[PDB]
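First comes the structure, then the notes that go with it.
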There are 2 protein chains.
Amino acid sequence: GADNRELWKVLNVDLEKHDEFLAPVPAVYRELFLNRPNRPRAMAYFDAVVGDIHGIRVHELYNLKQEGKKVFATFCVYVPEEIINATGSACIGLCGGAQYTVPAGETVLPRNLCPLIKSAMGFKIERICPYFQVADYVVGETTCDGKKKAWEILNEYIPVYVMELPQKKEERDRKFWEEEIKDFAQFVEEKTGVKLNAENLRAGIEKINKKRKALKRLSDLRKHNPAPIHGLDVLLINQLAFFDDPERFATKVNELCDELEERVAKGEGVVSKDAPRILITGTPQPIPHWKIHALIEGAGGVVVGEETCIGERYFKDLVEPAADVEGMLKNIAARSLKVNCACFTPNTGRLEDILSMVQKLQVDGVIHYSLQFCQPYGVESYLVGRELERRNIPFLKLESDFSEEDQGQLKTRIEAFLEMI
Amino acid sequence: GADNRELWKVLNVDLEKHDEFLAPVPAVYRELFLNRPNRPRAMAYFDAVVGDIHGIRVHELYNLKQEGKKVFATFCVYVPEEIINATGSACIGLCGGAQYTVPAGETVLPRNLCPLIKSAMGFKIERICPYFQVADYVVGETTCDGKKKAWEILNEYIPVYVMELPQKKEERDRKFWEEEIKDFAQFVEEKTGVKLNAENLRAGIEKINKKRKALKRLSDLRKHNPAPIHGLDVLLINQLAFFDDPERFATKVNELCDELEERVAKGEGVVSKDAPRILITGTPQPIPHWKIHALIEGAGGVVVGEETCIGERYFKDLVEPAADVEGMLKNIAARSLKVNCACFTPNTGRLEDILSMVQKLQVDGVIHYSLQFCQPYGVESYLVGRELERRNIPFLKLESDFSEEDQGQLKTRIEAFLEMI
């Protein structure tokens with residue numbers, strides 16, 4: 001309603017460009033979501049979030065700031081949400097998923113860079129995103145080359161705190177990352193004016209753990225045949241995890257899981273039991289980058305898992321409680337270092353994660369999907385494919401960007417792969 | 001002569017592919033080097049190295065191995081040559097510069113990756129390079145994404161020791177890198193069977209310092225007008241630093257510098273005093289990647305410096321002596337961490353390095369040149385160009401690969417830039 005436009009003006013949103021970004025979303029969401037039959041009734045909450053994606057939650061974040069709290073924007077699962085949450089402040093994940101802002105990003109970034117990075121840069125530099133406009137700080141991290149060097153540029157438009165993630169997981173790395181988490185905690189305390197204590201850090205941990213546990217519950221339900229829910233609906237929910245209130249989100253996710261239990265009991269699903277079941281592995285797919293799932297599932301397959309950070313790598317690992325602040329900070333650091341991202345070397349644990357999901361989810365085929373110019377995941381795909389093919393697990397390597405130019409060629413290749421199996 | 005082919009057979013070189021790689025080099029070297037007038041007489045040593053590039057030095061390395069010494073191959077200036085040299089073993093830098101092997105690299109690497117990496121991989125996996133075939137070990141490093149993940153694959157064909165370079169230069173990083181250097185020293189001691197002591201580490205330091213000091217002497221001579229030597233000849237010498245015997249090399253480099261002193265005194269050069277003087281900044285240009293210099297200088301310009309690791313970043317910083325092994329290892333670590341590579345964040349020191357060379361070398365224009373898909377240098381070029389243009393220093397951003405397809409478009413763009421100034 002009009003009060004959203006009122007808030008966008010206050011936030012110095014470029015109203016005309018922002019309207020252009022959202023303009024095609026309603027028809028896309030009807031094609032890929034609303035007109036698709038057999039969807040759980042409990043998808044209505046998430047559908048309404050999408051319909052008001054820059055409305056109610058942006059108002060909440062703005063009102064939090066009037067109460068003296070802060071809004072932190074992050075781009076990686078390694079940044080400790082628990083520490084931000086402990087202070088009463090908000091954490092939002094703003095990885096880009098939109099072709100519309102990629103040109104704006106290219107005004108300061110190379111064209112041959114990950115479109116996640118280019119899209120995010122474009123949102124902020126042109127003031128197109130109400131979330132980016134309500135953020136107080138960005139927390140950057142030293143993962144891939146493009147992100148690391150992009151923060152140096154972005155810092156000119158919004159303050160970027162750069163967390164140094166190590167590149168191995170040996171003992172020296174683990175201690176290094178512990179110290180990085182301590183330095184970040186001190187930064188959060190200073191910007192918020194709220195000191196961490198045993199009580200508030202325990203509660204921050206519990207709040208984020210409860211969100212991960214709901215998404216984990218949902219992921220496990222997908223092991224059933226027939227698939228009780230289309231994977232594209234789960235991708236959407238995993239995407240929305242990065243914007244929503246953590247407690248409301250966890251509640252609505254659990255409401256959905258209840259309805260899916262009903263389905264699994266009656267043997268009801270969204271697809272035939274003979275429908276090929278697909279595991280996606282690779283890079284995160286931020287909202288509204290629905291292309292790959294929509295092609296797989298429009299072709300009669302069903303995606304039953306995502307081994308990605310908008311997916312399993314986000315929610316698998318929970319923080320282990322500890323008795324004091326120092327122990328809780330150590331365990332928060334330890335939780336993030338369980339994430340088997342391709343920026344680490346070696347990364348053999350991710351392969352065990354993929355193979356474990358293949359077994360657990362009764363997967364007929366693995367699609368390895370990584371964004372164009374993502375070099376960590378592009379390179380690592382060779383060793384991943386080799387072990388999957390040694391085990392005669394069907395394997396398709398796909399790469400794309402946020403544009404629609406290659407929809408046709410991707411569609412054919414996916415169709416050929418699903419026919420083969 | 002025939003004894004080179006004898007050695008290549010012993011080394012399991014693919015003789016037919018190796019002949020194909022070298023086949024076009026003689027005519028290219030005549031066009032770009034031998035038929036170019038006004039070259040110092042002392043270029044004859046380096047010319048003869050090129051003519052026998054897989055001959056005499058490969059024999060020396062092979063004979064060193066029969067004497068119980070080892071050959072280490074490296075791909076980054078951060079790897080401590082001084083520690084290898086201390087044991088009597090050899091260090092050779094095998095960064096790729098050749099289109100010919102890029103396809104072979106793509107049998108296990110993505111096409112959208114740095115051609116330096118693809119070319120090196122192809123040399124080893126197809127056994128085309130006698131240096132790679134005589135190497136005992138590769139020392140890899142965690143710099144760019146493509147190198148880091150490529151080592152995991154390369155390790156299957158030759159043992160790769162991976163050194164973890166940090167991503168910032170804060171105190172925690174400096175101590176981390178010190179420990180990495182200690183762990184590397186222990187690896188070198190174990191593989192060579194030679195323990196480091198005060199005497200042999202002091203001598204390793206002196207030997208590599210003397211090589212850096214000769215290249216530094218040569219770089220400083222280029223500040224003169226008219227330019228006493230074409231920059232393409234200096235690029236070649238800087239490239240050959242990574243293969244040659246360090247003591248012979250330093251001697252022959254100094255012989256050249258003497259002859260250039262003669263020229264500078266008589267006011268003699270290779271170009272008119274009115275010829276535009278160019279500083280190249282960006283990624284290293286490994287042998288035989290002569291394309292960019294040859295275009296600049298064929299168009300009437302003269303390259304007077306290279307702010308690259310085959311160039312100034314290699315030789316600027318000398319190791320500070322210390323009294324004991326522990327102090328020498330600390331200072332060896334400290335020397336490498338002075339290198340202002342774009343894999344570090346921030347990297348404002350490299351900009352001061354560029355601006356310092358602009359002043360010192362009386363530069364009329366800066367060409368920023370980075371290899372295709374090198375994301376650290378590609379991204380950082382934006383901040384570099386901004387400060388140079390704020391100072392109204394003429395600035396041209398160029399990117400290319402090892403192919404010849406774009407010679408024409410590069411030639412025109414370079415010509416337009418040199419005309420403008």
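By convention in this document, the chains of the structure tokens carry letters A, B, ... by their order, each chain's residues are numbered from 1, and ligands are numbered from 1 in the order they are shown.
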
*Using the chain letters and numbers from this document, which residues of segment 69-305 of chain B does DSSP assign to helix (DSSP H, G or I), as a PyMOL selection string?*
chain B and resi 81-86+99-105+115-125+130-134+145-154+171-192+198-221+231-240+246-266+291-298

Would you give me, as CSV, each residue of chain A having an atom within 9 Å of an atom of chain B, along with its shortest atom pair and that distance in Å to one decimal, using only C-alpha atoms and sorting by chain and residue number?
```
residue,atom,partner,partner_atom,distance
A:108,CA,B:382,CA,6.6
A:109,CA,B:379,CA,6.1
A:110,CA,B:379,CA,6.3
A:112,CA,B:373,CA,6.9
A:113,CA,B:375,CA,7.4
A:142,CA,B:167,CA,7.2
A:144,CA,B:145,CA,6.6
A:145,CA,B:376,CA,5.7
A:146,CA,B:375,CA,6.1
A:148,CA,B:345,CA,7.2
A:149,CA,B:379,CA,6.1
A:150,CA,B:379,CA,6.9
A:152,CA,B:346,CA,6.8
A:153,CA,B:383,CA,7.5
A:164,CA,B:167,CA,7.1
A:165,CA,B:167,CA,8.6
A:166,CA,B:166,CA,7.1
A:167,CA,B:164,CA,7.1
A:168,CA,B:164,CA,7.6
A:172,CA,B:176,CA,7.8
A:173,CA,B:176,CA,8.9
A:176,CA,B:172,CA,7.8
A:179,CA,B:172,CA,8.9
A:342,CA,B:149,CA,8.2
A:343,CA,B:145,CA,7.4
A:344,CA,B:149,CA,8.6
A:345,CA,B:149,CA,7.0
A:346,CA,B:152,CA,6.8
A:372,CA,B:112,CA,8.6
A:373,CA,B:112,CA,6.9
A:374,CA,B:145,CA,9.0
A:375,CA,B:145,CA,6.0
A:376,CA,B:145,CA,5.7
A:377,CA,B:149,CA,8.9
A:378,CA,B:110,CA,6.7
A:379,CA,B:109,CA,6.1
A:380,CA,B:149,CA,6.5
A:382,CA,B:108,CA,6.6
A:383,CA,B:153,CA,7.5
```

_Secondary structure check, strand (DSSP E) residues of segment 141-286 of chain A, as a ChimeraX atom specification_ = /A:141,160-163,277-282

For the residues selected in the previous step, produce a file with N, CA, C and O atoms as a PDB file, in the first residue's frame.
```
ATOM      1  N   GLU A 141      33.403 -10.514   3.938  1.00  0.00           N
ATOM      2  CA  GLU A 141      34.276 -11.620   4.326  1.00  0.00           C
ATOM      3  C   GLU A 141      35.264 -11.915   3.194  1.00  0.00           C
ATOM      4  O   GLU A 141      34.949 -11.672   2.030  1.00  0.00           O
ATOM      5  N   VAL A 160      31.798  -1.098   5.445  1.00  0.00           N
ATOM      6  CA  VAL A 160      32.001  -2.539   5.331  1.00  0.00           C
ATOM      7  C   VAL A 160      33.044  -2.944   6.367  1.00  0.00           C
ATOM      8  O   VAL A 160      34.182  -2.448   6.330  1.00  0.00           O
ATOM      9  N   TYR A 161      32.658  -3.821   7.286  1.00  0.00           N
ATOM     10  CA  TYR A 161      33.575  -4.507   8.193  1.00  0.00           C
ATOM     11  C   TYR A 161      34.007  -5.790   7.515  1.00  0.00           C
ATOM     12  O   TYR A 161      33.157  -6.618   7.192  1.00  0.00           O
ATOM     13  N   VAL A 162      35.314  -5.981   7.321  1.00  0.00           N
ATOM     14  CA  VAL A 162      35.790  -7.171   6.619  1.00  0.00           C
ATOM     15  C   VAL A 162      36.312  -8.220   7.595  1.00  0.00           C
ATOM     16  O   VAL A 162      37.303  -7.996   8.306  1.00  0.00           O
ATOM     17  N   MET A 163      35.643  -9.370   7.627  1.00  0.00           N
ATOM     18  CA  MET A 163      36.056 -10.486   8.453  1.00  0.00           C
ATOM     19  C   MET A 163      37.001 -11.317   7.614  1.00  0.00           C
ATOM     20  O   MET A 163      36.681 -11.600   6.452  1.00  0.00           O
ATOM     21  N   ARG A 277      14.355 -37.825  -9.193  1.00  0.00           N
ATOM     22  CA  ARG A 277      14.632 -36.969  -8.045  1.00  0.00           C
ATOM     23  C   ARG A 277      16.053 -36.432  -8.174  1.00  0.00           C
ATOM     24  O   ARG A 277      16.993 -37.204  -8.408  1.00  0.00           O
ATOM     25  N   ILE A 278      16.201 -35.117  -8.032  1.00  0.00           N
ATOM     26  CA  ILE A 278      17.437 -34.405  -8.338  1.00  0.00           C
ATOM     27  C   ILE A 278      18.001 -33.757  -7.077  1.00  0.00           C
ATOM     28  O   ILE A 278      17.273 -33.165  -6.278  1.00  0.00           O
ATOM     29  N   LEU A 279      19.308 -33.870  -6.910  1.00  0.00           N
ATOM     30  CA  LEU A 279      20.049 -33.078  -5.937  1.00  0.00           C
ATOM     31  C   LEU A 279      20.817 -31.984  -6.664  1.00  0.00           C
ATOM     32  O   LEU A 279      21.625 -32.287  -7.541  1.00  0.00           O
ATOM     33  N   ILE A 280      20.583 -30.725  -6.289  1.00  0.00           N
ATOM     34  CA  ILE A 280      21.381 -29.605  -6.780  1.00  0.00           C
ATOM     35  C   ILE A 280      22.553 -29.409  -5.824  1.00  0.00           C
ATOM     36  O   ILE A 280      22.386 -29.480  -4.603  1.00  0.00           O
ATOM     37  N   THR A 281      23.751 -29.230  -6.384  1.00  0.00           N
ATOM     38  CA  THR A 281      24.933 -28.883  -5.598  1.00  0.00           C
ATOM     39  C   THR A 281      25.677 -27.745  -6.280  1.00  0.00           C
ATOM     40  O   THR A 281      25.735 -27.683  -7.509  1.00  0.00           O
ATOM     41  N   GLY A 282      26.255 -26.850  -5.476  1.00  0.00           N
ATOM     42  CA  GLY A 282      27.014 -25.742  -6.019  1.00  0.00           C
ATOM     43  C   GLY A 282      26.885 -24.435  -5.258  1.00  0.00           C
ATOM     44  O   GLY A 282      27.017 -24.423  -4.040  1.00  0.00           O
TER      45      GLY A 282
END
```

*Which one is closest to residue 276 of chain B: B:301, B:204, B:40, B:349? Count only C-alpha atoms.*
B:301

*For residue 286 of chain A, which residue among A:368, A:300, A:221, A:120 is the nearest when counting only C-alpha atoms?*
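Distance minimum relative to residue 286 of chain A lands on A:120.
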
Got a sec: who's within 9 Å of residue 217 of chain A, counting only C-alpha atoms, leaving out chain neighbours fewer than 4 positions off, as a compact mmCIF listing (two decimals) with C-alpha atoms, in the first residue's frame?
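result_28.txt, freshly written:
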```
# COMPACT_ATOMS: atom_id res chain seq x y z
CA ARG A 212 18.29 -23.62 11.36
CA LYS A 213 16.43 -26.48 13.02
CA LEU A 221 11.01 -34.29 4.94
CA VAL A 253 8.39 -23.10 8.42
CA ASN A 254 7.24 -25.54 11.05
CA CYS A 257 6.39 -29.13 7.82
```

*Polymer residues at most 8 Å from segment 4-15 of chain B, only C-alpha atoms, same-chain spacing of 6 or more positions, as a ChimeraX atom specification*: /B:54-56,59,126-130,133-134

*Show which residues sit within 12 Å of residue 223 of chain B, as an NGL selection string. Count only C-alpha atoms, and ignore same-chain residues fewer than 5 positions away.*
:B and (216-218 or 228-231 or 260-261 or 264 or 269 or 277-279 or 302-305 or 356-363)

How would the residues just picked look written out with C-alpha atoms as an mmCIF file, in the first residue's frame?
```cif
data_model
loop_
_atom_site.group_PDB
_atom_site.id
_atom_site.type_symbol
_atom_site.label_atom_id
_atom_site.label_comp_id
_atom_site.auth_asym_id
_atom_site.auth_seq_id
_atom_site.Cartn_x
_atom_site.Cartn_y
_atom_site.Cartn_z
ATOM 1 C CA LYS B 216 66.957 -3.670 -9.126
ATOM 2 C CA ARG B 217 70.041 -2.054 -10.622
ATOM 3 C CA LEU B 218 68.688 -2.673 -14.103
ATOM 4 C CA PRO B 228 68.896 3.161 -22.917
ATOM 5 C CA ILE B 229 67.147 -0.197 -23.505
ATOM 6 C CA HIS B 230 63.789 -1.354 -24.784
ATOM 7 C CA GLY B 231 61.502 -2.612 -22.074
ATOM 8 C CA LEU B 260 73.738 0.584 -20.329
ATOM 9 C CA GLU B 261 75.781 2.947 -18.162
ATOM 10 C CA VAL B 264 73.408 6.727 -20.586
ATOM 11 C CA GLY B 269 69.274 5.247 -26.281
ATOM 12 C CA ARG B 277 57.501 6.457 -21.846
ATOM 13 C CA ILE B 278 55.118 3.821 -20.465
ATOM 14 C CA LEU B 279 54.745 2.115 -17.104
ATOM 15 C CA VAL B 302 59.037 2.676 -24.729
ATOM 16 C CA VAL B 303 58.124 0.706 -21.623
ATOM 17 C CA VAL B 304 60.379 1.909 -18.793
ATOM 18 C CA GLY B 305 58.963 -0.131 -15.936
ATOM 19 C CA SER B 356 56.435 6.282 -6.969
ATOM 20 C CA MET B 357 57.498 4.620 -10.237
ATOM 21 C CA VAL B 358 55.579 7.199 -12.256
ATOM 22 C CA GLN B 359 57.667 9.941 -10.617
ATOM 23 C CA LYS B 360 60.986 8.103 -10.612
ATOM 24 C CA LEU B 361 60.782 6.897 -14.232
ATOM 25 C CA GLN B 362 59.386 10.102 -15.805
ATOM 26 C CA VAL B 363 56.377 8.215 -17.121
#
```

_Considering only C-alpha atoms, can you say which of B:92, B:265, B:84, B:203 comes closest to residue 242 of chain B?_
B:92

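Reported to one decimal place, the separation of atom CA of residue 411 of chain A from atom CA of residue 396 of chain A is 12.7 Å.
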
*Any idea what's packed within 9 Å of residue 233 of chain B, counting only C-alpha atoms, ignoring anything in its chain fewer than 4 positions away? Could you give it as a PyMOL selection string?*
chain B and resi 33+39+43+229+237-238

Keeping only N, CA, C and O atoms, write the selected residues as a PDB file, in the first residue's frame.
```pdb
ATOM      1  N   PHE B  33      62.948  -9.722 -31.223  1.00  0.00           N
ATOM      2  CA  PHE B  33      64.218  -9.515 -30.537  1.00  0.00           C
ATOM      3  C   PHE B  33      65.396  -9.368 -31.506  1.00  0.00           C
ATOM      4  O   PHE B  33      65.991  -8.290 -31.592  1.00  0.00           O
ATOM      5  N   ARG B  39      70.034  -2.996 -29.843  1.00  0.00           N
ATOM      6  CA  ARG B  39      69.992  -3.786 -28.616  1.00  0.00           C
ATOM      7  C   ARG B  39      71.391  -3.870 -28.006  1.00  0.00           C
ATOM      8  O   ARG B  39      72.384  -3.944 -28.750  1.00  0.00           O
ATOM      9  N   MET B  43      72.867  -8.421 -24.508  1.00  0.00           N
ATOM     10  CA  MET B  43      71.688  -9.262 -24.664  1.00  0.00           C
ATOM     11  C   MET B  43      72.027 -10.629 -25.229  1.00  0.00           C
ATOM     12  O   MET B  43      71.163 -11.514 -25.217  1.00  0.00           O
ATOM     13  N   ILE B 229      67.460   1.165 -23.104  1.00  0.00           N
ATOM     14  CA  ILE B 229      67.147  -0.197 -23.505  1.00  0.00           C
ATOM     15  C   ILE B 229      65.641  -0.301 -23.690  1.00  0.00           C
ATOM     16  O   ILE B 229      64.870   0.370 -23.001  1.00  0.00           O
ATOM     17  N   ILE B 237      64.607 -10.574 -19.581  1.00  0.00           N
ATOM     18  CA  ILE B 237      65.546 -10.851 -18.499  1.00  0.00           C
ATOM     19  C   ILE B 237      64.811 -11.159 -17.205  1.00  0.00           C
ATOM     20  O   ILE B 237      65.214 -12.047 -16.444  1.00  0.00           O
ATOM     21  N   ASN B 238      63.763 -10.393 -16.894  1.00  0.00           N
ATOM     22  CA  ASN B 238      63.024 -10.665 -15.667  1.00  0.00           C
ATOM     23  C   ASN B 238      62.353 -12.040 -15.726  1.00  0.00           C
ATOM     24  O   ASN B 238      62.235 -12.725 -14.700  1.00  0.00           O
TER      25      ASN B 238
END
```

_Straight-line distance linking atom CA of residue 157 of chain B with atom CA of residue 169 of chain A, stated in Å to one decimal_ =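 For atom CA of residue 157 of chain B relative to atom CA of residue 169 of chain A, the distance reads 23.9 Å.
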
_So that I can see what lies close to segment 244-246 of chain A, please list as a ChimeraX atom specification the residues with an atom at most 7 Å from it, counting only C-alpha atoms and leaving out residues fewer than 6 positions away in the same chain._
/A:57,207-208,211

Keeping only C-alpha atoms, take the residues you just selected and write them out as a PDB file, in the first residue's frame.
```
ATOM      1  CA  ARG A  57       9.720  -6.348   6.916  1.00  0.00           C
ATOM      2  CA  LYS A 207      17.072 -17.981  18.252  1.00  0.00           C
ATOM      3  CA  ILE A 208      19.274 -18.737  15.259  1.00  0.00           C
ATOM      4  CA  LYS A 211      15.652 -21.164  12.595  1.00  0.00           C
TER       5      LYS A 211
END
```
